[PDB]
Structure formats: C-alpha cells, structure tokens
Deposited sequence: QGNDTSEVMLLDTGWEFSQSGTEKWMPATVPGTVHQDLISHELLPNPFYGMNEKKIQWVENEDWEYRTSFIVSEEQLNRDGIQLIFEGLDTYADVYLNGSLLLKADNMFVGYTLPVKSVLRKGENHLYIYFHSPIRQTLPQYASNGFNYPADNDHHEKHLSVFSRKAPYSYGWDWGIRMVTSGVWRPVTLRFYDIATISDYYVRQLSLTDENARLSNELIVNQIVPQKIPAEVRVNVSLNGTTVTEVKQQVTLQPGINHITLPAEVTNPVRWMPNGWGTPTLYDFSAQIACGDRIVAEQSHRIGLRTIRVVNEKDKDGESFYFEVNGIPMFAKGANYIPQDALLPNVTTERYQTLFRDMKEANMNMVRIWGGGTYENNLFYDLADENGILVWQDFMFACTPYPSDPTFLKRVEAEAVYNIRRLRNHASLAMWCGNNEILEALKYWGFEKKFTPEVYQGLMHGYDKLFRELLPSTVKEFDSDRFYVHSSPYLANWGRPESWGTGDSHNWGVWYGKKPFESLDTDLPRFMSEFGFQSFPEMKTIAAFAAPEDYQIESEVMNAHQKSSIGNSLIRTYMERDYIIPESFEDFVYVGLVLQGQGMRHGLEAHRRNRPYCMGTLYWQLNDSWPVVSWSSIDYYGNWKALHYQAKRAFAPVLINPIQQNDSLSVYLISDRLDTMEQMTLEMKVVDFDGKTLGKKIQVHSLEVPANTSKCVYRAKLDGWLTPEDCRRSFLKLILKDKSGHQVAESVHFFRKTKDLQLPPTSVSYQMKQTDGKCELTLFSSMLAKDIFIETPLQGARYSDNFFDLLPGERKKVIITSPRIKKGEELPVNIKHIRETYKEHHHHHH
C-alpha cells in the first residue's frame, strides 16, 4: 500500500512470574493464563473444579520480554513507531532502558514514537504487568465503601476501578479469570515523512441519485522540514474505480488535518441481512511525496441508519430506520467468545457470523460487560449485513466518576469511536447495561449512606449523561447514543413498558409463564432470556460421568446462577414431564428453552409496529457452562438457535392460541408485498390420519414489513378435547400457482398433556468425508427430535423438529472430522422416550 515497512513483534517472547527469575517461552498476542497452561503450570481452567485452583494467578505480577534486530537502514527511516493494539492492563513498557509508557486501559491502543530510543543491532523490550488486584487494593481501601458489583466474584469489588473487561472478574454465566498480557498485536512501523493517524469517511448525504462524502484525514508528519504532498482518495467497487479526487498540500511538522470531498453518483446501497446485498466500496487514501509514503483504506457501506426514539400515543418509540424504511430488528446479545480473548481465532469469528446469518438475524448487541470487539468482528458484521448496537464497557453497577477515572474513559471512548466509526454495520452507541435500572430498582439505597448514594447518582450523570454523549456528538455525530439499556422501562412496572426498550426479565427472574410474552409487550425487546444446560458432549468436556447430576459439585461449578437449576425444573414441570435421567433432563431442557423463547420471538414480531425488535439474551458462551445461550462454547446449536432461525424467517405463519381460540397471523419482513396467496391448514392425528377436511383461505395479501391476522376460529365445535391431545395442525402458505413459501405446525395442548404414541425413529445414512446424509422415518409423530452426535461443532441442516407421521425427512450433518469408513454415531431422542 505504501513505502512503510511493518515488523510484527509476535515471536521470541518469554514470560516470568515476577520475582522468580525463571523465564519460559510465551505466545503473543496471548494471556498469562494461556502461557501457564501451555507449560502445564495451570490445570485446564474449564475442567471440573479447577476454577478455585487457578485464582492465585491474579495476585502475582507478570513480566514479558522480547528482543529484535534493527538494521542501519531501518534506523535511517524518518520515523519508527511501536504500536500496542492492546495491553491488559496496568503495563509498564521498557525499551532499551527507557520507560515508554505506563498503560492503564485494556480498551486503548497506544502508538509510541521510538526511533530515538532504538539501537542498531539488538533491542530489548520488557513489559511489566502489575496485578490488577494488587494495583487497586489501596484504591479500594481509600474508597470507604464497596461498589455493588455482584458479578465481580470476590469480597472486594475491584473491577469498577479498572478499565478492564468486566466479565473477566466473573459473571452469572462466567468463570473468574482475571488475566493479563499483550492481548492484541504489537507492531513496529518504519516509515518516511508521515503516517495517516486516522482516516474517517464521513457521509454528508445519501439519495438514490448521489452519495456525498467527506474524507477526513489526520496526518502526523515526523520530519522538521515542510513537505509538499498530494493527498489522493480512490473509491472503487469490486476493483473498478468509481471516482478519484486529489488535493495539494504542504505538510507541516506534527498534526495535519486534511479534508477531501468525494461523490458517488447512483450509489449502490448497503442493505441489512434479509433486504438485499451488504455492498461495500473500497475507499483508499494515499499521501504522495514526489513515493506513496502513507496509505490507509476502509470498506464503506453507503446507507442511512436512523434510530427513531420519539414520544408517541403509546409512550416513546424505539426502532431502527434503515435506508428510509423501518426495519424490525431480529437478533441477540453477544458476550465474549472466551475467558481468554486472544484464544478466539479468525475461524471462530467467521463461524459465529455464519450462525447469526443462518438464523436470519439482522442485528447484534455487543453487551457492555465484554470488550469493544476486534476489527474482524465489525468487518464480518459489515459483509454479512448485521447491524451492530455497541455498548460502552460499563455493566450492572455504578462506577467511579473522579477526574482520573473519567480521563481513562475519555481515552477509550475517543479511541474506540475513531476505530469503529467507518463500519457500515455500526448502528448506535449505548452508555451502559442496566446501570440506571440498578440505581433505581436494585435496592442500593439500603446499602449505602444517603451521601454516598447521592454521590453515585451525580457520578452516573457525569459519565453517562455528559462525558459519553459529548464524545459521541464530537466524533460520531450522526450516530445515535442512549445513556443506558433499558433507558426507562422496568420489567416489574407495566406503566413503563410503552417507553423505549425493555429487558423483560419477568420471564426467568419473575417466574412468569412464557405465555406472558403474548401480553407483556415492549416497544423494542433489548433483552429477554431463559437458561439451558448444554448438550451432553459439552457437559462431557468438563465433567466425568460420576459428575453427571444437576447438583454435583462439578455441575455446580458450571452453574453461576444460584437460582437457575430450580427455575429450569419449575418451568419444565409446567409444560413437560420431568425425565428421571440426567441425560433426558438435559435434552428436554434444550427443548424447553427453544419452545418458550421462540414463543416470545413470535409475539414480538406479531405485535409490530407497537414492538419493533427483539434481541434475546444471549447468543453465545465464553466457556462450557449452563447459560441463556443459543449456541454453546463449542459452537453446537441448542434447540433455541434452530427455533430462532424459524421464528426469524423473512415470511412466517404464526398460529397463536389463547382463550380456547386460534388465530393465524402472516408476518413478513420482505420489502415486497405478496399477492393472491392461499393459507392451507389441516388437522392430522399422531398416526398420520387427516381429521375432517383441509381448510383453505384464498385471496390473501401479505404486505411488506407487516404482521396481519388472516384467520380466526374457536376450538369448541371444531375439535374435541380428545382431538386436542391427539392431533396437530399443519399450516402451509402458497402463491397463486400452488408453490409453498412457508410452513408451520401447531399443537393445541402442552407437550405433557399430549397423548404421544411410543415410536421408533429409523434412519438410513450415506456417509462420505466431511458429510453424512440421513433419511429419518417414523410411522407416528416423534415430538421435538434431537439427532445427537459425539462430534464437537458438527452442523445440521435441521435439528430439534417434530418428525411428522409417515413423512420422510432428510438431514445433512457436516464436520471436517467426518471420515468415510468411520460410521458417525447417531442417537435420536424424542419426547415420548423420556418417560414410561
């Protein structure tokens, strides 16, 4: 791209527990815990009872060192920068006897001019990582109260003093692994004249006819003379130039601000997943001096995103308008993919986005107890058409608000805003998760003096109502900011539900039935959720067979919700027969979470436009654990993820039964209206015999972006109470010429009340490298079938579905570990098998 040379400092590192003088090979980027694990100096932290056994690490200081060679020629370049994309967290950086930096914020990248400190030949880099526990003990002692951060799993809630990923201190689905290290890459750049410090592509306006952009460059010139230069911006699409602009300047020593307008006529818009292609242009900025001394590019999506948050007849709306069209949000809350962040590989990020795209999602919330994610995450969101709701990294406790603390926060806000603001995917900023809710409703006023409580309330405003919104206004002026989620609505207070976004924890924490999701509607659901144990192959990863009990010491290790096991059983009993065996209980628990949650996803879509989105808690897991996730740590889809896919389908037939009556809604997130449609239904018993006749509803239209009721019928006079326990309703939607565009099945009774027949699911299999193809058959209904295989992360065309009587079903399973001539073990489970 330019004349600079980059040296990756990613080999030859060593580490030491401070004070031991013993050094061993390390892997950078990485973590202290991983380095110890790689030397068998820690047990597998995710196995068994090992959490307590690895806590000692957090009390030690840890040192890292590397050496590297610099040549006479490199030392003669105009400038040389050492760049740390991430240091976790209190890190003193020494090079060649100079203290370069005292780092104090995990979320900040540092760029350090070092030419004057480098030497020809060998150069020595040492980094000292202070324990973030020891570092903040004096700070806590001076504070005179303990912040109410219940998720910080220690007597002393030290997390709040450090700009370090909150979840690292523990969470209610998380292991405590308060780690340290060089967590993102370290690079040396040797260059001439200048670097581009920042390149911002600011969209001024966008119409079907024209996109107007402002290319804003910050150029840091390292030489003392004045340097004539030409700044060039090339805009290309698929390798073909669309427009090119240039500007003559004379670069002054230090910072230069350069602005170049560019326009794209008849722009091809970036669309979100479901509404078209996520088209990305390539914008390249170069600085040319007589040689291209500096270049930087971004992929750019041309679209408008407006968050509409306005007083209205129902309270206060909260929805996303994309390219001028209101878009119903369908997605999930994302947490960190690992207890050890550098262990998350490119392939894991790619697979997680494939999981979101395949489940018909169009939005992800990067929840405030994790990290501002790596550039790759947002690059994947851009190319998959997934909108990103970005929390700042504050969650579930008030935080300090003293000048030094706020200076750290300002540093991370500026850094990460400039880092992320060029992504098409980035849709909004949110100051924190649940802090105002906590301050108002979680009973802190009983835990603190009135004076300390007042201090907390004032401190909330300084950070979330002043500093963060001001920073967004300055650096990302056309993106929405809200101070907290949920900003006003509280789940126990019905009068607040028509006001902005909800975290409806009435289900789960409030013990409310899943049916409450049909009546208790938000303007936008930013969280709701339900736990499940992950499937047996995941349990087997952390537990020996002796430990396969809900309440074994090892299982309780991997359940961080102290009320979770009791809630799961309570809810299961409402709808299912509780199985006697642990393995069957796990299977039904997956079914339960899937069925209950999808009932909610369907209510939210059905109630558009009153409700304009749903983001369930939670997408994913950081380690093998019992949690609210739809995908376990090993990437296995739980039932919930298949159910989410189905409930988020662009066109959905939603039968909803209440008060002994059935309505059927047709729900569409398509941009086009469907005309002359037929809804066809029929009642089929569990033996496959049709009851009565086919019901047909002709001449239906399904307008773009609407939910509409097309059919209502009382059950009384149609089906006997006996019919209701022994049959299901099949529903199909077809176009004028008879082609199927959607299908659904409906049960008229709770599963535990169904008279399911004993039945065998037989299968045929054709296995080749990487692939099994199964054909399943049962002469009778098999309810909520789970096709279980021992291969971690195996992918299925479908799973957790009802196998209908006499209706053959093909299922493809893929995994790089499937070998032709090593038959894939397959175990098919279904509800009736779970009891006698």
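- Task: No C-alpha coordinates anywhere in a stretch? Then put that deposited-sequence range on the list, in order along the chain.
- Result: Unmodelled stretches: 1 to 2, 293, 840 to 846.
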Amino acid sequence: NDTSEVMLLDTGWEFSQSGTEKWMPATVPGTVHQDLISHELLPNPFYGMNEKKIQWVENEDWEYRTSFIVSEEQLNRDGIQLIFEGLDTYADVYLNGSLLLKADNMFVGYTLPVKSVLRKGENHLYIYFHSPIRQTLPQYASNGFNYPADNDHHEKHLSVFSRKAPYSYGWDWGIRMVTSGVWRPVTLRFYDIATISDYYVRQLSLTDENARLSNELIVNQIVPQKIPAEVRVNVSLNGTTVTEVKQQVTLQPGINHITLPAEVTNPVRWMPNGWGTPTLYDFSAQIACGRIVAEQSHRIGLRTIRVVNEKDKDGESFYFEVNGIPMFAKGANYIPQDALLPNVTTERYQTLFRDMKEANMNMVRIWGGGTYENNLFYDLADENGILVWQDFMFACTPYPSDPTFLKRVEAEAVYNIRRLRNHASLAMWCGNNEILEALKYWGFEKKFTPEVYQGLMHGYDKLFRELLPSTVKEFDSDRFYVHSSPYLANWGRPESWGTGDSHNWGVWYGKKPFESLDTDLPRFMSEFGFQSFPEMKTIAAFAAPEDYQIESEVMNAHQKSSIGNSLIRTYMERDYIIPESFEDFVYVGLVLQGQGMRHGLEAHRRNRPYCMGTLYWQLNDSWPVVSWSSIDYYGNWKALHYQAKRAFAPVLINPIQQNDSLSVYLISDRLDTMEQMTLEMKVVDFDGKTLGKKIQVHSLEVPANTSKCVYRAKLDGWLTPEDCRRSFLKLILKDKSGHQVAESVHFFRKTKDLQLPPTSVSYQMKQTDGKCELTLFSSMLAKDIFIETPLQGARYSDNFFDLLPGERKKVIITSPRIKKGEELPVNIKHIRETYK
From here on, numbers count along this sequence of modelled residues.
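Under this definition, the rigid core comprises the largest set of C-alpha atoms superposing within 1.5 Å between the forms.
- Item | 493 to 501 against 564 to 572 - segment lying farther from this form in 6 other deposited structures of this protein (CA RMS, rigid core fit) | After superposing on the rigid core, the more displaced stretch in 6 other deposited structures of this protein is 564 to 572.
- Which is farther from the shown form in 6 other deposited structures of this protein in C-alpha RMS with the core fitted, 437 to 445 or 82 to 90? Higher average C-alpha offset in 6 other deposited structures of this protein goes to 437 to 445.
- Query: If we scan the other compared entries, does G12 go without coordinates in at least a third?
  - Reply: Negative; every one of those entries includes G12.
- Message: I'd like to know whether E822, which is modelled here, goes unmodelled in a third or more of the other compared entries that cover its flanking residues.
- Response: In at least a third of the other entries, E822 has no coordinates.
- Query: Looking at the deposited entry, does 720 to 728 or 538 to 546 carry the larger mean Cα B-factor?
  - Reply: Of 538 to 546 and 720 to 728, the stretch with the higher C-alpha B-factor average is 720 to 728.
- Which is higher on average in the deposited entry, the C-alpha temperature factors of 381 to 389 or of 321 to 329? In the deposited entry, the stretch with the higher C-alpha B-factor mean is 321 to 329.
- Query: Between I54, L774, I785, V32, which carries the biggest CA temperature factor in the record?
  - Reply: Among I54, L774, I785, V32, the highest C-alpha B-factor in the entry belongs to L774.
- Item | Criterion, highest CA B-factor; candidates, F585, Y642, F686, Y349 | That would be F686, according to the entry.
- Query: Looking at the C-alpha B-factor of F394, is it in the lowest, middle or highest third of its chain?
  - Reply: For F394, whose C-alpha B-factor we compare with every modelled residue in the chain, the answer is the lowest third.
- Message: Ranking every modelled residue in this chain by its Cα temperature factor as given in the entry, which third contains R354?
- Response: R354: CA B-factor falls in the lowest third of its chain.
- Task: Please place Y167 in the lowest, middle or highest third of its chain by C-alpha B factor as given in the entry.
- Result: Its C-alpha B-factor belongs to the lowest third of this chain's values.
- Going by what the PDB entry lists, where does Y711 fall on CA B-factor within its chain: lowest, middle or highest third? Tercile = highest for this residue's CA B-factor.
- Task: Report the third (lowest, middle or highest) to which the CA temperature factor of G315 belongs, ranking only the modelled residues of the same chain.
- Result: Middle third, going by the recorded CA B-factors of the chain.
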